[PDB]
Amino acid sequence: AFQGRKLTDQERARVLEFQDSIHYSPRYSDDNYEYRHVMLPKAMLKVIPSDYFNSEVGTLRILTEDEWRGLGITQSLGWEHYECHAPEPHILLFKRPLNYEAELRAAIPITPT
């Protein structure tokens, strides 16, 4: 049940070619959040589909977790994409709470009575 605008098999192939060139900053923290930023190759920006930018700035819009994992951006559980200042568009900011427990929860089905 994809949240957000899933890429097509065609978009996805085009974006996933840049996956090995994405850079991930060290994490830093304040009183409530850990932060990190992800830096995309400028060339990847060219094949990121048009609806993923917001026409106003030139920056990426807020991405859902499914959306940005969709782009090849690979990091651990808990990270939220948030809107920054107006940096270069190829820098994406992420945060997650310090009080993060990172579980894996799956409902499992039984036969009804």
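All residue numbers are counted from 1 along the displayed sequence.
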So, looking at the entry's B-factor column for Cα atoms, which has the higher mean, 10-18 or 100-108?
100-108
68-76 versus 40-48 - which carries the larger mean C-alpha B factor in the record
40-48
Chain thirds of CA B-factor: placement of residue 63:
lowest
Quick tally, chain-level thirds of C-alpha B-factors: residue 56 sits in the highest
Check where residue 88 lands among this chain's C-alpha B-factors and tell me if it's the lowest, middle or highest third.
highest
